[PDB]
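Engineer: 3D model of this:
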Amino acid sequence: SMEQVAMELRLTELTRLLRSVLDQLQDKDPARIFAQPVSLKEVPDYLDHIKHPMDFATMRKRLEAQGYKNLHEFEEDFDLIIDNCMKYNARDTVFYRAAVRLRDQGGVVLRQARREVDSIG
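Structural biologist: Residues are numbered from 1 along each chain as shown. Structure data below:
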């Protein structure tokens, strides 16, 4: 149908907007602490602590399969990256501090993406 195709053009455009959001959020992590999954070879107990691991490469794979239906789902994944880090790592670590900075900095980007999604439909 024509409706299904119109829908698919909107998801494609949302995917387009979310890709730009993702790049902007990832720039706020120049150390690349959040680029890749936590290694289970290097942190063998990780899944005993963290039930839903997340990272920017995993988000990108979902993104390119158009697996984000709306901004809320994309934000959920971003929040996992931060929230998992802040639990597993203590307050006085470079990792925890990097998460705080990414949250703070990403907030600005997410604030305007929400306006852009509502605005453009």
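
Engineer: could you pull out the strands for this structure?
Structural biologist: Using DSSP state E, no strands are assigned anywhere in the chain.

Engineer: quick one, helices of it?
Structural biologist: 2-27, 46-49, 56-64, 71-88, 94-120 (DSSP state H).

Engineer: Residue 38: which of those is closest?
Structural biologist: Ranking the helices of the chain by proximity to residue 38 (CB to CB) places helix 46-49 first, at 5.1 Å. In this view, the C-beta of every residue, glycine as well, is placed from N, C-alpha and C.

Engineer: Which other helices and strands does that closest one contact?
Structural biologist: helix 71-88 (3 or more CB pairs under 8 Å, 6 or more residues apart in numbering; DSSP states H and E).

Engineer: In the helix it packs on, which residues are buried?
Structural biologist: By 16 or more other CB atoms under 10 Å, the buried positions in helix 71-88 come out as 71, 74, 75, 77, 78, 80, 81, 82, 84, 85, 86, 88.
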